[PDB]
Number of protein chains: 2
Amino acid sequence: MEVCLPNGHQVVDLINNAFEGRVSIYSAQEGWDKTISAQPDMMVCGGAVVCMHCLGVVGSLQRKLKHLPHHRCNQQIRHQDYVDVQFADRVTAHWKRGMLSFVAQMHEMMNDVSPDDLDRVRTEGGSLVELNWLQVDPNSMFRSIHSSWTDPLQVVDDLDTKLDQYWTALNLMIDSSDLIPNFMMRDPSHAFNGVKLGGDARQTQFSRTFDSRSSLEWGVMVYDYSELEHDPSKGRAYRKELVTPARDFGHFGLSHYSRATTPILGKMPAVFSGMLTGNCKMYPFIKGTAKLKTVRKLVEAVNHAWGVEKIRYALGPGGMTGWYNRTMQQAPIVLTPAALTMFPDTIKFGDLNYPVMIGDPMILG
Amino acid sequence: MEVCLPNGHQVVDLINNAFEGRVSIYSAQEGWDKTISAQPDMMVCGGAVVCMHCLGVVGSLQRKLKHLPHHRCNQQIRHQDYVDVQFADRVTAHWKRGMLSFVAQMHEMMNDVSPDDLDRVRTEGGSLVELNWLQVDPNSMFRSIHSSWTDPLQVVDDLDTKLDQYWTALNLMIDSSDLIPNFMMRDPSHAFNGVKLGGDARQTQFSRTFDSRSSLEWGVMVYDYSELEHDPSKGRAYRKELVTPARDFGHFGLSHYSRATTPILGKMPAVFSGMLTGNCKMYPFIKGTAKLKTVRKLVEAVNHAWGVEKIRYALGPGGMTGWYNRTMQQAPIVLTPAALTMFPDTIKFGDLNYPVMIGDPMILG
Ligand SMILES: [Zn+2]
Ligand SMILES: [Zn+2]
């Protein structure tokens with residue numbers, strides 16, 4: 001059968017899904033389970049199922065395909081023409097799992113704090129929990145020289161539900177005791193340009209995305225609150241008044257503002273939507289325009305493999321090149337989760353008072 | 001508990017849901033079942049659940065609230081301040097049920113056509129099915145002087161699935177036999193500005209929306225193809241070559257283009273997404289800017305019931321007035337289903353060759 005190209009809205013859905021690590025990929029070898037890496041034969045783009053060898057729509061999501069339908073496939077789309085999407089998706093999937101293990105580790109330590117110690121830190125201030133950074137997602141592509149993005153994805157059922165449950169529990173504990181985490185940012189753009197970098201972290205090269213061009217293996221980055229801990233003029237009352245998150249972000253249970261983390265994994269801050277939005281969803285702090293670039297080579301391949309009339313029929317005015325240029329302009333809206341535009345605007349403490357280092361995530365009073 | 005206003009993205013979600021007739025409404029009298037109309041006590045706005053007496057967020061979708069939670073309620077938001085949203089939602093809900101009954105009736109009649117009658121019409125041309133317009137959703141607010149938008153909503157489970165199934169089935173039948181429906185439009189904008197109205201249809205006044213100032217009880221509007229039907233020089237071959245839908249919309253099974261209907265109910269064309277989008281979803285042809293107006297009174301009420309700083313905290317700089325004005329400019333993107341901007345642009349027959357009348361929906365060859 002002859003097939004048609006997907007429409008622009010379907011490609012936008014593909015891109016947005018890749019940056020949540022939720023693209024549904026089918027490979028002959030693994031079926032629809034992408035736990036084990038394999039070259040994609042089909043990808044779900046919005047409501048369509050698309051053949052990755054011609055970029056033709058071969059079915060719908062509602063039809064539940066279990067094989068690649070026979071069709072007249074031009075076979076012009078090469079793996080290299082869409083691997084940037086596969087890469088962004090798989091790396092985001094690994095990154096979300098790593099971030100979950102980290103948030104869960106912090107939650108567990110906080111949950112194990114004895115009442116006496118909590119009571120003491122609330123009163124006199126002081127360290128409450130510290131996580132050896134070498135214990136954060138150790139065997140991942142972000143921390144081990146022996147791992148790669150093509151490694152298997154850790155099997156985690158209900159990933160987003162878990163991320164929501166743990167982040168919510170962790171922040172409510174922080175909020176109720178006016179505690180201080182060193183792994184949060186009021187505006188993650190400051191991680192890329194703004195914060196002072198200390199020690200080994202001064203060498204950090206931020207790509208501000210998930211692509212194959214540069215190194216995603218790096219240390220765990222957090223704030224160095226060493227000076228705050230020992231400043232005799234900035235004790236517990238000072239910390240409660242200005243430093244605890246609620247002062248800048250609003251009380252967690254009564255705020256729509258997003259809370260971002262420092263670059264814990266992949267040199268990429270995570271952004272969590274606020275509790276009042278109804279869920280604490282987690283997204284990588286990547287610009288919409290950077291996400292759109294993942295299909296730049298695919299647009300070139302489509303332009304070379306498909307006739308101009310067929311491209312217009314599916315993508316509209318100006319074809320796929322036109323769709324791409326229009327989307328680049330609309331990216332701040334159509335390729336950007338609301339959470340990424342909901343950081344606090346009235347700051348009292350902020351992100352520029354202490355440097356960021358490669359080191360242990362911690363919570364103090 | 002103290003409550004805060006919903007954020008702007010949540011209000012946009014509320015509006016988009018109202019124009020799909022899918023707002024979840026809670027009332028003390030009926031619980032979360034809006035089959036029977038009651039004054040709303042809460043409405044789901046995105047992931048938040050909002051008290052309609054103060055417009056404060058009292059919970060989340062995930063918490064599965066069973067009743068209005070105890071909270072510090074200003075009690076200053078009045079029913080009149082948000083009834084425009086309730087009205088758009090309930091009327092759209094009645095309208096979708098009516099459109100479903102109409103599409104099912106046409107599908108049913110098409111399936112009852114004898115093989116011989118179909119063969120004859122395909123070969124010689126002629127009327128195939130004609131639905132007495134007085135039989136289209138006769139007891140609804142769109143057809144009876146004794147009905148009102150506040151009447152009960154017909155109980156229809158899996159409404160969208162049925163709309164998809166019946167529209168898909170009907171169009172495959174029309175496409176496979178190169179048939180001609182008189183209830184389709186290539187660009188529904190022409191219903192309001194473009195088509196010639198014939199006979200009593202000249203009395204029609206289109207509000208282009210669903211609001212209380214509108215008079216939505218009206219006749220069923222379709223094209224008057226009588227001249228085409230009775231002109232021997234515009235016979236079967238002529239109709240197959242130019243008039244059957246595929247010539248303008250592309251073959252149904254191989255097209256992303258939306259197909260709209262004439263104003264069958266409520267003087268409001270329906271827009272169905274194309275099969276290649278993956279589903280045939282149905283939406284009323286209403287502009288995003290018109291949808292946004294449903295909260296104009298609510299914004300004014302919030303501006304007087306809530307302090308400026310609390311409004312800024314939830315809605316962002318500019319407050320709710322700023323949000324409203326910005327959303328008005330973003331409406332083509334954020335309050336407009338993709339289907340409403342996917343009509344064909346290369347037309348051979350089009351919408352302006354025959355007048356629109358109040359009369360019987362029909363399919364002929
Ligand atoms: Zn193919
Ligand atoms: Zn209230």
Side-chain angles (χ1 to χ4, degrees), chain A residues 1-6 10-11 14 25-28 39-45 48-60 63 65-83 85-86 254 276 298 301-307 310-311 314 320, chain B residues 1-7 10-11 14 25-28 38-45 48-60 63 65-83 85-86 254 276 298 301-302 304-307 310-311 313-314 320:
Chain A
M1 62 179 180
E2 283 295 293
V3 295
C4 301
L5 282 157
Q10 292 175 330
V11 185
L14 171 67
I25 297 172
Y26 173 90
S27 60
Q39 186 184 334
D41 290 318
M42 299 189 292
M43 285 191 180
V44 168
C45 300
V49 178
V50 178
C51 168
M52 303 306 300
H53 299 101
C54 64
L55 209 72
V57 174
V58 293
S60 59
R63 268 194 284 304
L65 282 50
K66 303 302 170 200
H67 73 296
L68 169 64
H70 312 309
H71 60 289
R72 195 280 288 183
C73 184
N74 65 44
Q75 298 187 331
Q76 299 295 295
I77 306 304
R78 296 126 30 191
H79 194 185
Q80 71 186 89
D81 299 325
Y82 64 84
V83 68
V85 175
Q86 179 186 356
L254 209 47
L276 279 192
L298 186 57
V302 166
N303 280 152
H304 280 93
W306 292 76
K310 295 181 169 173
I311 293 176
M320 203 173 271
Chain B
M1 71 185 176
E2 180 183 352
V3 293
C4 302
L5 284 156
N7 68 62
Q10 292 174 330
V11 183
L14 170 70
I25 294 174
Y26 174 88
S27 60
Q39 185 168 302
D41 283 319
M42 303 185 292
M43 287 189 173
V44 174
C45 301
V49 177
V50 174
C51 171
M52 301 312 290
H53 300 99
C54 64
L55 206 74
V57 172
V58 295
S60 61
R63 265 54 214 68
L65 289 179
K66 297 198 292 75
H67 73 347
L68 176 66
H70 168 38
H71 63 288
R72 295 188 163 184
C73 184
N74 60 56
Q75 298 187 302
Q76 312 228 305
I77 302 302
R78 304 178 169 215
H79 192 193
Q80 58 188 282
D81 298 333
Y82 64 83
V83 66
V85 173
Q86 179 189 356
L254 208 63
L276 290 186
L298 182 58
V302 167
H304 287 99
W306 290 77
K310 287 185 168 200
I311 295 176
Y313 183 73
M320 199 170 196

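Atoms within a ligand are numbered from 1 in the order they appear, just like the ligands themselves. So you know, we letter chains A, B, ... as the sequences are listed, proteins then strands, and number each from 1. Values below: all heavy atoms of this structure, side chains included; hydrogens, waters and symmetry mates excluded.
- Put simply, the side chain of A:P6 reaches to within 4.5 Å of the side chain of A:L55, judged on heavy atoms.
- Looking only at side-chain heavy atoms (C-beta outward), B:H53 and B:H71 stay at 4.5 Å or farther from each other.
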Exercise. Kindly determine whether B:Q76 and B:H304 satisfy side-chain hydrogen bond (donor to acceptor under 3.5 Å, both in side chains), including the steps that lead there.
Key: CA-CA 9 Å; B:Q76 312 228 305; B:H304 287 99; over 6 Å; no
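- Residues B:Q39 and B:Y82 share a closest heavy-atom pair of CG-OH, 3.6 Å.
- The set of protein atoms (N, O or S) found at less than 2.8 Å from the Zn ion (ligand 2) reads B:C51 SG, B:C54 SG, B:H71 NE2, B:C73 SG, by chain and number.
- Shown here is A:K66, whose NZ atom has more than 12 heavy atoms of other residues, nucleotides or ligands within 6.0 Å.
- Taking both residues in full, the closest heavy atoms of B:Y313 and A:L254 are given as OH-O, 2.6 Å, listed atom of the first, atom of the second, then distance.
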